[PDB]
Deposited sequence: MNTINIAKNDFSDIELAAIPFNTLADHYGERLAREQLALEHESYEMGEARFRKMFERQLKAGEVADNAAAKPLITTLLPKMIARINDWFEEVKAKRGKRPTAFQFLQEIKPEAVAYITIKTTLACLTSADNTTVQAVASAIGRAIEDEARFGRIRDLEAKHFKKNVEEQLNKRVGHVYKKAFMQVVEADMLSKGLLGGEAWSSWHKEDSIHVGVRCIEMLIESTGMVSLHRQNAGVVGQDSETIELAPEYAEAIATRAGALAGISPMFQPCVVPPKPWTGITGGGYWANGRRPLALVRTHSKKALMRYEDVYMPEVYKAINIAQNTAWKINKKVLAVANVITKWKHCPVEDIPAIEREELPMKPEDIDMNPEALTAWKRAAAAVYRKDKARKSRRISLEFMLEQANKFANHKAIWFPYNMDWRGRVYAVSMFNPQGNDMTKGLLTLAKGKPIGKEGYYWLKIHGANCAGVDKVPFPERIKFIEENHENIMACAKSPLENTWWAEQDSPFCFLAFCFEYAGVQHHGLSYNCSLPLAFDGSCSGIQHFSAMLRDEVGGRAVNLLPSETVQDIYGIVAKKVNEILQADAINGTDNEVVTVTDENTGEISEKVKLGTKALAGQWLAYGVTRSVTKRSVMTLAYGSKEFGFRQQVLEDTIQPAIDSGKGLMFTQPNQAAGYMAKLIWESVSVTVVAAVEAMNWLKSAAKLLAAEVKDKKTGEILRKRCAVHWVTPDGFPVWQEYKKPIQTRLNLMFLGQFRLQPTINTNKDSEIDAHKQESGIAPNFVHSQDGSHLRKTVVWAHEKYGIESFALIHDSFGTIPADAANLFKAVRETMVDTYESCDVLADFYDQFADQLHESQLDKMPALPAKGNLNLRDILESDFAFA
């Protein structure tokens, strides 16, 4: 059959008159009404895309995949698996010849059969009308075969799968491709003969229908999901069931709004929910984006006045569309040949259709999927600024993720990519003045990518290009030099402001938002908390006449070691017995440091080889991780570019390099590395399930991790292991299932997830608190009211940048000067469960010699 969805009544969201007078008088009916029209639209747009997506999935037999099918699919699956099992019993206890189907349904697991039956037939019915029990049965029988055949090369003697065939499967997409690919793997698993040598004996269409038939029957027997329409004959979906998916899908499409900016200041936050938008719609905003309610309730009665003042001041910043920039963006994006790098192609590419051509395809392919993806987004951010082009000002509601970071709620907001940032500017401008001008030029220098050199040099760079800049402002569609800069629209956006000053002088009212970005917040904060004077200089926390480059500092240290090895290290080998590689059974050319240190130097190791690795350090990236980055980022790309033969055995080459980067960075920034290991031990111990080694009883259960940021924001890290069992099918994807063991309730913490998350999560929560403090500081001590916020990037209008430049450094300083985050963290969990004698807990790492006051005179820290 077909699922009939119906639209929702969003008119309800059109707030009452008493709450409406809250807006009117405040902002006036025109807007007050417009806003509510806007919020109502958000919900309609959301419903629009759900219905669309749905209809798409339906016309592809993927109904079972939709979140509307799930609630029902999960009620049936058990009833089916049970019937299948019961059946297998009757058929056994009954003397004589067993049904022709029994034998085949024995290959795959019962639960697999049940899902493939629910799913496959669930499609056939909603797709076409060939809902004939003979056609459906063949569909089921065919799917059951392929799962059985290509399933063994996974469940049966086949780990080679989770190695040489698992990841390569996730690449191919579509029931069709994955099959044409397994037929392939299958054929070559013979040259080696994994499953021994039992070549899958085809099934023969006859039986492949006795099976499909049995299943249908079992399905009908266990649950009236489908009904056999009396008549060759056909089947159709049970009404109560069809009307069910329609109901879930209806509700689902009303809690999926496509949030937009506000036309009036957003609604102040006074609680954990309800702030931001004014209507009291279906999806009320939550101050915090917690996973699974309950956590959001923890914030219910927490006293954190400063956190509130911040989220409010922040979303109270008025913005407007940048028309001049919108003017060029609208058109230059319709060009066949755009001067701006990687700004989609209105039209799709093509490939040269005549080892060789293999890539001539894989290339254009990848390249297009990615482009079609950027296009969808660009067009939306575009066909949306045009909608707010004329408004006097717009606003964006804010809330935070669970660590405290502040995210704007609307889909189109100031924290997007370059084209989005360029289209937006601040509404409340002010006469630029002598300094706003100074900073404006620096903002412009940074937009051109010239940011790795001192301030006078950045000013010179801009002064030097006066005429280029003047030209781009006069005729952006003609000159286009701005389009070749690192952030073209933001740069262009600065060109129009820079020209304004020329034409009008310093009394000129400017509102362009000048960004002050920190360099590696993670490392800046660890170094700052541990007083690391060496890692702190590397990230500009200390005054210098030169701008420090942590990546350059690391690459440099790599060559220091690259020399010491090229002529003073290991030599080749041919593999021995249980040496360093645990215990392999053969022998190759295990290259030695001197061999490796040779190829790298014979390559030219610069900052770009280390860039990637230092960036992800704060996300827990270690030596193994680097092996992946260097290989993918540096080698492969160079090997494929044909211009790199230093490497013969690249995997060995990367292990070494990855080892070197780890070493040096491990001495460059110790506070970071050190504070990270500490954080991980603490997490490791609280998540541990302590059982007495004697009685085997649990003395202390696994624990979650909690802490409060310096501005009073509490954070609870409690990753949890999957509730239900995850079963993955070869082609028909995965599906959950209730726990086989009743004595498996609770919830269960995920100790591994607690360890790999704590360090980055802790640091992020610190960055956030820093941002929040900075905002409140700036607003109270200096009176600034407009803020562009991107986690570790703070911005204002030129006339206000000197005071933000100040504020951002005074808060970093005041905060770390007023409290020890690590020792504070300890004092939180030490007592409150952790007991027994788990005291293998390392001592807080030692503080260094960094004098935080210096950060005040530091010019390149920004944050």
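- Missing from the model, relative to the deposited sequence, are the ranges 1, 233-240, 364-374.
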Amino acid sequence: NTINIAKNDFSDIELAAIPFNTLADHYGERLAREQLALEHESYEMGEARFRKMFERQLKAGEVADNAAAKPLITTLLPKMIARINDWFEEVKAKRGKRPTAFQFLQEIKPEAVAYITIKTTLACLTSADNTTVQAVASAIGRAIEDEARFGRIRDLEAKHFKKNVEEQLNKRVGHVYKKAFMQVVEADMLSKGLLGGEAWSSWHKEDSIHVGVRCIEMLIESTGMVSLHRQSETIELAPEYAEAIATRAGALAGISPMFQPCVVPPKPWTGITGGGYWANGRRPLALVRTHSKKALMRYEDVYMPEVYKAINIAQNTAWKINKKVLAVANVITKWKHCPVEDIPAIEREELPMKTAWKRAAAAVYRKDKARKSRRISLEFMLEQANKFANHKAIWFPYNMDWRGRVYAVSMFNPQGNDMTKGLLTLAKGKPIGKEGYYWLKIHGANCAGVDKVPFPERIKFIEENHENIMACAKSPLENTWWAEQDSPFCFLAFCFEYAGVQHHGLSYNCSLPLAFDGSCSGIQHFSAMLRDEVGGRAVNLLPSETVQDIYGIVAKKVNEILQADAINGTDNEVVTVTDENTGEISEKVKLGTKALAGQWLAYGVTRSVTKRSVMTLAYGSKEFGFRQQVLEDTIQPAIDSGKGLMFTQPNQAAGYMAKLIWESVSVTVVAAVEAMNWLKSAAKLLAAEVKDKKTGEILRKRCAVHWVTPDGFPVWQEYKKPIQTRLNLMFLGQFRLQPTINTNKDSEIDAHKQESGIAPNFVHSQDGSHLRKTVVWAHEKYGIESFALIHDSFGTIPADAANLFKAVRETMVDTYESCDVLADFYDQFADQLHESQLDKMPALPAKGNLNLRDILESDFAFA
From here on, numbers count along this sequence of modelled residues.
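Throughout, rigid core stands for the largest set of C-alpha atoms superposing within 1.5 Å between the two forms.
- Taking the root mean square of CA deviations in 8 other deposited structures of this protein after fitting on the rigid core, 113-121 and 448-456 differ, and the farther of the two is 113-121.
- In 8 other deposited structures of this protein, superposed on the rigid core, the segment with the larger root-mean-square CA displacement between 415-423 and 209-217 is 209-217.
- Across the other compared structures of the same protein with both neighbouring residues present, residue 741 lacks coordinates in at least a third.
- Compared with other deposited structures of the same protein, residue 349 meets the criterion of being unmodelled in at least one third of those that resolve residues on both sides.
- Taking the mean C-alpha B-factor of each stretch as recorded, 789-797 and 75-83 are not equal, and the higher mean is that of 75-83.
- Set 395-403 against 726-734 and average the Cα temperature factors; 726-734 ends up higher.
- The residue among 501, 553, 472, 226 whose C-alpha carries the highest B-factor in the deposited model is 226.
- If you compare the C-alpha temperature factors of 438, 494, 508, 365 in the entry, 365 comes out highest.
- When the modelled residues of the chain are ordered by C-alpha B-factor, residue 806 sits in the lowest third.
- For residue 193, the recorded CA B-factor ranks within the highest third of the chain. Only modelled residues enter the ranking.
- Compared with the other modelled residues of the chain, the Cα B-factor recorded for residue 384 ranks in the middle third.
- When all modelled residues of the chain are sorted by CA temperature factor, residue 814 is found within the middle third.
- Sort the modelled residues of the chain by CA B factor and residue 692 lands in the highest third.
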